[PDB]
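Student: need the 3D shape of this:
(one chain, ligands or ions: 9)
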Amino acid sequence: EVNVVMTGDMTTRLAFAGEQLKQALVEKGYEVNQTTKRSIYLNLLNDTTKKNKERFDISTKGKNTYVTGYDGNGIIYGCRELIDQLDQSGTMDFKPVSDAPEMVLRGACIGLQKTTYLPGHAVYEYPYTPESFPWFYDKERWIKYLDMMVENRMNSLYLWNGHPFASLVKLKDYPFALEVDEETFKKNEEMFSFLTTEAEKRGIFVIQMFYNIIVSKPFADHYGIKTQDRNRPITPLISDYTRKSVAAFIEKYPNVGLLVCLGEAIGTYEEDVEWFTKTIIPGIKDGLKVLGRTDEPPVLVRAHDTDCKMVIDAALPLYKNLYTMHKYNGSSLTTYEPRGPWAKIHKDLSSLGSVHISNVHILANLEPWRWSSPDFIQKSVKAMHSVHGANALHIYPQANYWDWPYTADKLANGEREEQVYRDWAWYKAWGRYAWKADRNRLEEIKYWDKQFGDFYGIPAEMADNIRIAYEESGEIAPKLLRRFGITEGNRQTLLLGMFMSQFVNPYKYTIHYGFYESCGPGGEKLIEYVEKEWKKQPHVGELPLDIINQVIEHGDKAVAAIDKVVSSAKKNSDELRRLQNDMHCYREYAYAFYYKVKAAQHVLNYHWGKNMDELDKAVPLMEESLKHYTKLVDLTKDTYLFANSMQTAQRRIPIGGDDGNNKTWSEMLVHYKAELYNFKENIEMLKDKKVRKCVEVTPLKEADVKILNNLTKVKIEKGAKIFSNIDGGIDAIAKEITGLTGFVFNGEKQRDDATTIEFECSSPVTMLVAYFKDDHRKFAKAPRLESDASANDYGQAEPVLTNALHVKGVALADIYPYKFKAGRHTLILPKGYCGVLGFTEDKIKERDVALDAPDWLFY
Ligand SMILES: O=C(O)[C@H]1O[C@@H](O)[C@H](O)[C@@H](O)[C@H]1O
Ligand code: NA
Ligand code: NA
Ligand code: NA
Ligand code: NA
Ligand code: NA
Ligand code: NA
Ligand code: NA
Ligand code: NA
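Tutor: Residues are numbered from 1 along each chain as shown. Ligands and ions are numbered 1, 2, ... in the order given. See the structure here:
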């Protein structure tokens, strides 16, 4: 009934192509004969030309269909086109196709990472064990993932871990380094042997990613060092262990690629370069040299928390075959019109003429609801080509990265909804448009009508309503985040909401340059719009009141769309009901958000004109916002375990996610309610007493601290020299700080060596640390969660006293707090000029010393 002939040299990938073509033929009637009436010839060439990689031709000639694969991936993707054409038409006549993928690497990532740190381990550190990661040892579950990967014609799988080597390689010189028992090493060995075998037959490259500088805890416990400390120098020993470990990994897993992050535990770009050129690359060559390999297989290097151009500039004489990675829209998905300074980084990395991989990273602003908008994804990949000059793709899970393999969805009696079931369209869209981006958009709505229809057992025409829900709801998180968001970072969980404070005083919640300038069409923040209204300047670009208008029409339409289609389902009906609850969530969130912003404008108008009417107007709008948030909670309280999957104190917006708190809509309603109580109390006091609450400014009393590493003390007051190497003393100093006992360091010595403070305290203290506001690189940069997970370990992420210190012929400084228990402490501050102004047991009150900001009405 149907012959399937396989021609030439076997190879695992030709076999697999045949295995898959057989399955689908039988799976639809049709009897078969395999070999070397109606025939399909699978032909495979040897073709070196880097031009025809992953390419296939399909022609037909009477009763005989021919698939030419220019290489192993090519024949696989040839057989995929037959199968898809079969899946979409009745028939077994085949439309001729001559085709190759546009993007040369197309791939996705699984974090061997957890929602929370692990006792005795720092951020990103999770040994490969069945205790932490049962799912990693499940072969049934790997074949399901890999088949989804091949079906979407993705050719790369990236495993993300802080320090994977201690789980996978033994070193004679460091045999105590090992982070797993003997039985767990054997299973790691079996599971990588099986992963790479099974990925290979499917044309999938397996890529192990690691951060730096991180060592094993046993390695650390023995030598007396930490597993990781961002600002600690490179040492021969840590270097020797990392080098031998990579040499080992290469020898043992010759077909597994490496994705290097030169972060987040390396303090300067120079140390970033020393590490890659003197430790990693020498290590990769040790392995190649043992394997007797003349060639240089590609090594992948991220832009994250390094100077991408500096590091490739430095490395290419040592190793030709570098590929680069950079985030698409930072740690979120905001636009298909990215631009500005982040575009240029992409574009310089891209203008090497190698591979440059767009990382759709973390999707903080999508967590945790269903998101898979064909149109948004198509337009995005097109921007990757035209703006960013990317020619490859790496994609995170749509949501719940940190909790693989499960979505955050709450099912009856503790059943966990799985991520490969829920987010199929996500993987299928990125995969589709990575293969070919320019596809007739109307032709595309038919294909997606049938994809959503097949899955729910609905006709395509009725299923078009499912596509609208996805494309209408899909614009909401991106628009709100680029236009009102504090950060593209997972330091923010957009879909829990924002306080009025964060709408009327965004700069107080720290907004790094490059976010608003890159992750959307230009346009005004709410404070800029309102400042423009009161000063009668014209408005330029994308405006906040337009967006909230767009965003509630997105909500209304997505709801009207899914509500038509939801009871038609012959299949996955329970899932379709969770999609409908999701769209009602996005609608109530949109309306909550709309009314809140509207109220914020009204409080900003009070800021500029001091009309009381303005504040009165805000109350009804805050009530209505709260109504819609109360409606959100009913929908979420029985359908979601949480929103954010990073459930640590690295989550700062809308508030701390310390110890896993403040990770549900229910918890947030408690704080949003309090918000309005305070507001209506503050209004009432204005209307009786005509007084507001403002900071009372009192000196911080000096803690009873002893210093263990013989620092020089200085009193902090106008004139004190906190730098020994400049003649300039202090010429401005916040009243809070004067009196305190701080330290004198050599700024030159701080560039080369940093700043170790070693002290004991008999009750809890805050150390006050001055970071100078100056792009000159001689200055230590302030802590920054976006680049550095440990930047809130002492509660130092955001500053307490801004514009609080000036030294003559240096700069202005913000004061940051480093909070410590009673105990004995060592801490290395970033290389560069910086101040240490002393220690207080006292409560610290946030103040902009320059100044009364519009957001005391909420406190
Ligand atoms: O890019 C990275 O690896 C990191 O980026 C940080 O900003 C984020 O908070 C981390 O959880 C991690 O995703
Ligand atoms: Na057909
Ligand atoms: Na351990
Ligand atoms: Na990246
Ligand atoms: Na809830
Ligand atoms: Na925490
Ligand atoms: Na002392
Ligand atoms: Na000056
Ligand atoms: Na402590």
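Student: look up phi and psi at the residue in the stretch 251-400 of the chain that ligand 5 sits nearest to.
Tutor: Residue nearest to ligand 5 within the stretch 251-400 of the chain (Cβ to the ion): residue 368, separated by 11.2 Å. C-beta: built from backbone N, CA, C; applies to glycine. Main-chain torsions, residue 368, degrees, to the nearest 10: phi -110, psi 20.
Student: quick check: residues of this protein near ligand 1?
Tutor: 304, 331, 361, 362, 489, 490, 646, 650, 785, 786, 789 (Cβ under 6 Å from any ligand atom).
Student: leaving out the residues flanking it, which one is nearest to the third one?
Tutor: If the residues on either side of it in the chain are set aside, residue 361 comes closest to residue 327, at 4.3 Å by Cβ to Cβ, 6 or more residues apart in numbering.
Student: got a list of what the closest residue to residue 52 other than its chain neighbours touches?
Tutor: Using Cβ to Cβ, 6+ apart and skipping the chain neighbours, the partner closest in space to residue 52 is residue 70 (3.8 Å). By Cβ atoms under 8 Å, 6 or more residues apart in numbering, the residues touching residue 70 are 45, 47, 52, 53, 54, 55, 56, 100.
Student: same check, this time on residue 642
Tutor: Contacts for residue 642 (Cβ under 8 Å, 6+ apart) come out as 368, 408, 663, 664.
Student: so which strand or helix has residue 127?
Tutor: Under DSSP states H and E, no helix or strand contains residue 127.
Student: tally of neighbours for the closest residue to it other than its chain neighbours?
Tutor: Of all residues not flanking residue 127 in the chain, residue 179 sits nearest, at 4.0 Å (Cβ to Cβ, 6+ apart). Look at residue 179: counted by other Cβ atoms under 10 Å, it has 22 neighbours.
Student: which of the contacts of residue 70 has the most neighbours?
Tutor: residue 56 leads these on contacts (other Cβ under 10 Å) with 28 neighbours.
Student: okay but that one is in contact with residue 72, surely?
Tutor: No: Residue 56 is not in contact with residue 72 according to Cβ atoms under 8 Å; the separation is 11.0 Å.
Student: before we move on, back to that, of all the residues of the chain next to ligand 1, which comes closest to residue 838?
Tutor: residue 785 (25.4 Å; Cβ to Cβ).
Student: where's that closest one relative to ligand 9, distance?
Tutor: Distance from residue 785 to ligand 9, counting by Cβ to the ion, to the nearest Å: 19 Å.
Student: how many residues are close by that residue?
Tutor: When counting by other Cβ under 10 Å, one arrives at 23 neighbours for residue 785.
Student: could you chop this protein up by domain?
Tutor: Per automatic domain parsing, the structural domains of the chain span 2-99, 105-458, 476-689, 705-858.
Student: not counting the helix or strand where residue 528 lies itself, show me its contacts.
Tutor: If you go by DSSP H and E, residue 528 is part of helix 526-535. Contacting residues not belonging to helix 526-535 are listed as 484, 503-504, 506, 524, 537-539, 543-545, 597, 600-601, 604-605, 607-609 [Cβ under 8 Å, 6+ apart].
Student: just the buried residues of the residues you listed.
Tutor: 484, 503-504, 506, 524, 543-544, 597, 600-601, 604-605, 607 (16 or more other Cβ atoms under 10 Å).
Student: could you dump those residues into JSON lines with secondary structure added?
Tutor: Converted to JSON lines, the buried ones among the contacts of helix 526-535 look like this (DSSP: H, G, I helix; E, B strand; the rest coil):
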{"residue": "484", "secondary structure": "helix"}
{"residue": "503", "secondary structure": "helix"}
{"residue": "504", "secondary structure": "helix"}
{"residue": "506", "secondary structure": "helix"}
{"residue": "524", "secondary structure": "coil"}
{"residue": "543", "secondary structure": "coil"}
{"residue": "544", "secondary structure": "helix"}
{"residue": "597", "secondary structure": "helix"}
{"residue": "600", "secondary structure": "helix"}
{"residue": "601", "secondary structure": "helix"}
{"residue": "604", "secondary structure": "helix"}
{"residue": "605", "secondary structure": "helix"}
{"residue": "607", "secondary structure": "helix"}
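Student: nearest to ligand 6 among these?
Tutor: Ranked by distance to ligand 6 (Cβ to the ion), the buried ones among the contacts of helix 526-535 are led by residue 506 at 24.6 Å.
Student: residues in contact with that closest one?
Tutor: Counted by Cβ under 8 Å, 6+ apart, residue 506 has contacts 486, 525, 527.
Student: next one: it from residue 539, what distance?
Tutor: For residue 506, the distance to residue 539 equals 18 Å [Cβ to Cβ, to the nearest Å].
Student: thinking again about what came up before, from residue 226, how far out is the residue nearest to residue 127?
Tutor: Distance of residue 179 to residue 226, computed by Cβ to Cβ: 15 Å.
Student: tell me the centre residue of the protein?
Tutor: Nearest to the geometric centre of the chain sits residue 362, at 2.9 Å (Cα atoms, centre = their mean).
Student: just the helices in the stretch 701-850 of the chain please.
Tutor: Ranges of helices within the stretch 701-850 of the chain are 747-753, based on DSSP state H, counting those that start in this stretch.
Student: for ligand 4, what's its nearest residue on it.
Tutor: residue 787 (11.4 Å).
Student: what's the neighbour count on the nearest residue to that residue once chain neighbours are set aside?
Tutor: Counting by Cβ to Cβ, 6+ apart, residue 305 is the residue found nearest to residue 787 once chain neighbours are left out, at 4.2 Å. Neighbour count for residue 305, taken as other Cβ under 10 Å: 21.
Student: over to residue 27?
Tutor: If you count neighbours by other Cβ under 10 Å, residue 27 ends up with 10.
Student: what about residue 452, which SS state?
Tutor: helix.
Student: with the one 3 residues further on instead?
Tutor: Under the three-state scheme (three-state DSSP), the conformation of residue 455 reads as helix.
Student: show the backbone phi and psi for the closest residue to it other than its chain neighbours.
Tutor: In this structure, residue 455 finds its nearest non-sequential neighbour in residue 572, 5.9 Å apart by Cβ to Cβ, 6+ apart. Backbone torsions for residue 572, taken as degrees, to the nearest 10, come to phi 50, psi 30.
Student: which residue ranges of the stretch 301-450 of the chain form strands?
Tutor: 322-327, 356-360, 392-395 (DSSP state E, counting those that start in this stretch).
Student: who wins for proximity to ligand 6 among those strands?
Tutor: strand 322-327 (23.8 Å).
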